[PDB]
Amino acid sequence: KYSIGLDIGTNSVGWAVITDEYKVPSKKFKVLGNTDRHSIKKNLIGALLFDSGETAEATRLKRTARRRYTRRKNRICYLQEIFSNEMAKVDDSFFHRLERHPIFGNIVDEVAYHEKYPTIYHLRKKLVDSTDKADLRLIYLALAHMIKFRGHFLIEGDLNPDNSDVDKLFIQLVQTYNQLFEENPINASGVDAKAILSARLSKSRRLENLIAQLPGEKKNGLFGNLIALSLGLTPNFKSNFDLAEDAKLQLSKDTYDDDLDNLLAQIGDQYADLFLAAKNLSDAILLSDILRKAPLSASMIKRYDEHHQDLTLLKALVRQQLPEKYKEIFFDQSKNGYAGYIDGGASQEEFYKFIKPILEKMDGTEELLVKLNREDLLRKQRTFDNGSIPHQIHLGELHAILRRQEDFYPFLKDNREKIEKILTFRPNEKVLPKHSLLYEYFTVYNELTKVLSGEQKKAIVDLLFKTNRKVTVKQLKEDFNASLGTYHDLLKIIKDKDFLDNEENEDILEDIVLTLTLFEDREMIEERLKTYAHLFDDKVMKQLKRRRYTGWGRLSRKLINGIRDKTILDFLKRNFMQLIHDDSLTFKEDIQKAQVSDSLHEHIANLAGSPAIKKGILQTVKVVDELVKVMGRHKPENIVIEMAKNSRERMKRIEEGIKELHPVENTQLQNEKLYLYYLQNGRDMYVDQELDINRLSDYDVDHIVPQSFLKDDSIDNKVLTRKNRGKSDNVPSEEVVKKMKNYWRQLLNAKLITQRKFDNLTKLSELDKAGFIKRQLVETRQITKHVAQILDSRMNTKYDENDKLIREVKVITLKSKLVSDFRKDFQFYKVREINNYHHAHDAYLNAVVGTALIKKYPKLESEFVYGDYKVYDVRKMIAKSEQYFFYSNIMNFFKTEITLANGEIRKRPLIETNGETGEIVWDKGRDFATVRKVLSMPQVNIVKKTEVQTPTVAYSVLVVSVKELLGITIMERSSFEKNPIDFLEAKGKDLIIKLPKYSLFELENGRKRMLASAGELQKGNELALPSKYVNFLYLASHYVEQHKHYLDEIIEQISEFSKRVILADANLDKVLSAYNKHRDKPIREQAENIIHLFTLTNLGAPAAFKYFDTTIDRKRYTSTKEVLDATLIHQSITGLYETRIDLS
């Protein structure tokens, strides 16, 4: 019955709820405060504002080595379960043995394994290529290595030749680069990237070679650095972005993702896709190499073999021609020779610089020198050249091995899909040995829990189970399956009852029995036992080795003794199962959570993005959850999501242009008309009659491919005209005018117009239109796709009997431009500064436009809705003039009237419907009115998220001889969470009243405060400005004039607001005084400055601002005494559920 709209930014999340006719519901919510307000009516439209500070959430959103470790561990734990019962037949202690440390339980097998498989890739390759049956352990090892280091998931489908095409991905890179720099694109022309990047030369040389194809681009240029990143090098991006500190990037470096995030935080998340493109390019360069069995494993083996051939050669040479240097090069390890390279800490570059001269002086062989130049001489296994691998390549080998060994092992046939799913997927402890002292003890105690008093139990163990290997019932009566069989074993060897009986040693002995169970070979057992040798007599040590155990229990050590409350072992010494199943006791609670004992945060943490955007993404999810529960747990039909020098570049272009063939400074060039005046050298694009400044700009401007086919408001599609002379009919600028073109082409050589613009100017097929539609609907930005996926996953959980996913909720991703342009055409104007309502209004508009679009064109669903849907043939939807659309602009149906380029007019029906389903999508009479009404209403839930920090106060608490506010350091809080009263008393009781940062209080004529600190307050109010004034300000700023009397009204409004809530008398007087002086100023200049005046009224920290010549310094609310008698308001994330406190 409803849909959700979402606007997502780095410090805000806008949200709206919408019905079938685009109305925003009103709802009554209960108010849980002690105040005599019990319900409140609120509209389901709002915005959540958040800071980017040090908090628990923030840490949870960062990558951590431990989370990764646990992830991998779990995957392997799942792998081993599939192998368990079958591995039990081959090698019962195999998975317990695994992390030189031995894989196998006997030395013969271990040594043989390492001799046959010097690297894991040898094993992989052999398992991929051999038809012979293989030991299960080997199979496991290969599979486990594949699953452990599965690679990346950047590529969506089963690998195809486009994925390894250097040319195409290079083109992609340039494309994404060009979209981010409209003014100075790079031309792919006919560059043979493939040949330059794939060629076998130095990285630097390949870079330098590639840039030779790009004229006017420097090596240290952004693009050059990106290429250098894709090639394998470590470029520095600080010079490119004017960063204060160093920003070096290397794809091969383990910290790269984090480093990239670090960069993105500074320069903006808008640049993520640009670097992702570079990474993709890198992958292609590597992929084409391994492709031109198991190609990866083979390449690694080749690397290994080359390495050893070269090593032997080099050694021989150095023995022959430079014996003095031999010991140095191959053994010293503190030098930069081969020894330092392998077992020292030496760079490939340090090593190379070290041996470069030695090889040249030697003259034995230059082949090696060539290899050195290529940086392919003595490669190590522990590298990939600026790379993490596509998981698909590991998947291939996985499949191959399984297919190879499935005939010999049926359980592999049966579980194949399962095993694949582990790699592709997107208690903790291992059981004690069966003959462990602790386990044996547990069994006897648990069996003996009943036949009995706690003291007697201990007596009975100490008496019968201890003195006798097996205790029987007759014997018991004189004074039982479970036996302390190991306790007794170890007595005869150790011959010391205390050593056992003392509990402090148990943690040592567990290791001894474990060691005995782990290995079937005296040598190994000895080696491990050597560590505990000092306690033990040498006659004992020899005896210990012969003892061997071959079993595994069902329970872990921590389960038996690790868990709290007494332990299981202690409660036992009731009944174990009953102990597990009692809610009164803590274990049950421990276990149940312990199995699970965060995934969403972890998932968001591994996206490529700043901390802020990640926080945003996190908040959205919570907002959605709450809105769903607000709407009675019914799920929404649709969710629409959107993610919320240049002047100086323009100059460079112009200056570059005139160099081929009066002056203005930069700041002005933002005027499209002036910038266009300069790009064109004051010449009319369309009539060969020169353009001079003051009039013709005002005359007109024109789109090259009109608005009706698509909206391209970029200068790449725009030109300054006389707009009838050039355009003629709607088709691109008419044939008769192309006789003008020589002009344009000169402007091409000058780089004054781009190639595409010229192609369009010289130029409409069905095919173009088809491209044009997809262009306007498909969001390229990766992060939005990830957000979409996350939302879709949370919303759609149920599967039907056919195991197909049930999609209750469609997650729609909207291009920003559609809503921006929707705002343009129908005059729903935005002014960011008056309040924060625009974030909410954006969300509302997103949902409106999105839902309208799916209702109108459901066949295009595949282009902007998450999930897999049929990709219809666009050509069928395009029509001849009379028969969705002949005119390609998708937003056209909103308009009552489409103006063609020639000026001719196409009229549309008042009500727009879907012909196929007959559904009503848009009613121009009612619906636009509703939109305005929705934007016009003054009650919008704006919530500033409360934050707890982790000399900084985590939060302030209200204390009650007197009422006072008290800050809490992070250091103080822990013991405070332990020992409240003694803190509170040491400093100087009903109420625990932690006031998180930004806590909201209200007082007087609806005047609220936010608690920044126990020392300062922030304004707590949103100034609701009537829409008329908003539109007037937008229109006044963007140069009718009969509406000059509204300025005074706006200022009167601001002043009313300020005197009511801001309470900045001295500041306001100056503000008001300033307006009196500058009535003379023109309207534009007049309007722009009243905008700045809004920072006086803005919600948040007080700040300073300049009105014309005058400057108003900020005022701080340094007294927190107001808050103490005020009414606190605890806000939900949506702000819909409130709790209102006021002791007074």
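Residues numbered from 1 in each chain as written, not as in the entry; some residues may be left out. Heavy atoms only, no water. Residues with missing side-chain atoms left out of burial classes, pairs and counts.

What the deposited record gives as its method is X-ray crystallography, and the resolution it gives is 2.620 Å.

You'll find the protein entered in the PDB entry as CRISPR-ASSOCIATED ENDONUCLEASE CAS9/CSN1, with Streptococcus pyogenes given as the organism. Listed in the archive, the entry goes by the title "Crystal structure of S. pyogenes Cas9". UniProt lists a comment for the protein under the heading Subunit, and it reads "Monomer. Binds crRNA and tracrRNA." The record in UniProt for the protein states the following under Sequence similarities: "Belongs to the CRISPR-associated protein Cas9 family. Subtype II-A subfamily." (UniProt positions renumbered as here; feature names shortened; annotations may be inferred.)

Caption draft 1: Representation of the packing of helix α14 (residues 295-321) against helix α15 (residues 324-331) in the model. Relative orientation of the contacting elements α14 and α15 amounts to 150°, with a least axis distance of 8 Å. For the element pair α14 / α15, the angle class is roughly antiparallel. Residue-level inspection shows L311, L314, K315, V318 and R319 of α14 in contact with α15, the latter providing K325, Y326, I329 and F330. Classifying every residue of the contact of α14 with α15 by side-chain character gives six nonpolar, no polar and three charged. (Axes fitted to C-alpha atoms, helices over the stretch in contact; angles between N-to-C directions. Helix = DSSP H or I, 4+ residues; strand = E, 2+ residues; numbered from the N terminus. Parallel < 35°, antiparallel > 145°, perpendicular 65-115°, else oblique. Contact = heavy atoms within 4.5 Å. Nonpolar A, V, L, I, M, F, W, Y, C, P; charged D, E, K, R; others polar.)

Caption draft 2: Up close: the UniProt feature "active site" in the protein. The feature "active site", as given by UniProt, occupies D7 and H703 in the numbering adopted here. Relative to the assigned elements, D7 resides in strand β1 (residues 3-8). If near-sequence neighbours (up to four positions away) are discounted, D7 is found in contact with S12, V13, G14, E642, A644, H839, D842, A843 and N846. Among the secondary structure elements, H703 is positioned in strand β7 (residues 701-703). In this structure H703 touches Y686, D712, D713, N717, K718 and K727, once residues within four positions along its chain are discounted.

Caption draft 3: Looking closely at the sheet that holds strand β24 (residues 1138-1141). The strand order across the open sheet built from five strands is β20-β19-β18-β23-β24, with neighbouring strands paired in antiparallel fashion. Either end of the sheet is taken by a strand with one partner, and the two such strands are β20 (1016-1019) and β24. On average, each strand axis in the sheet is tilted by 35° relative to the strand beside it, whichever way the strands run. With four bridges connecting them, strand β19 (residues 1007-1013) and β20 associate as antiparallel partners. Within the sheet, the bridge partner assigned to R1009 lies in β20 and is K1019. (Pairing = 2+ DSSP bridges.)

Caption draft 4: The arrangement of the packing of aromatic side chains in detail. For the structure on display, the rule yields 48 aromatic pairs. Plain terms: the ring middles of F465 and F480 are 5.2 Å apart, the flat faces sit at 85° to each other, and that makes the pair edge-to-face. With a relative accessible area of 24%, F480 lands in the partly exposed category. Ring pairs connect the aromatic residues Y22, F822, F826, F828, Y857, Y884, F885, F893, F894, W922 and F928, which therefore count as one cluster. Against the face of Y487 rests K466, its NZ or CZ located 5.5 Å from the ring centre. (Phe/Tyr/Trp six-rings, centres within 6.5 Å; stacked < 30°, edge-to-face > 60°. Buried < 20%, exposed > 50% of the residue type's maximum accessible area, 1.4 Å probe, protein only. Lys NZ or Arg CZ within 6 Å of the ring centre and 35° of its normal.)

Caption draft 5: Quick peek at the side chain of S93. Within the fold, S93 resides in the loop between α2 (65-90) and α3 (94-97). With residues up to four places along the chain from it excluded, the contact list for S93 reads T517, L518 and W552.

Caption draft 6: Quick peek at the pattern of salt bridges. Tallied over the entire structure, the rule returns 57 salt bridges. Between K203 and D385 there is a salt bridge, and its shortest N-O distance comes to 2.3 Å. The exposure class of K203 is buried, given its relative accessible area of 13%. Two residues, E916 and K859, come together in a salt bridge whose shortest N-O distance is 3.6 Å. (Salt bridge = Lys/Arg side-chain N within 4 Å of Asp/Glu carboxyl O.)

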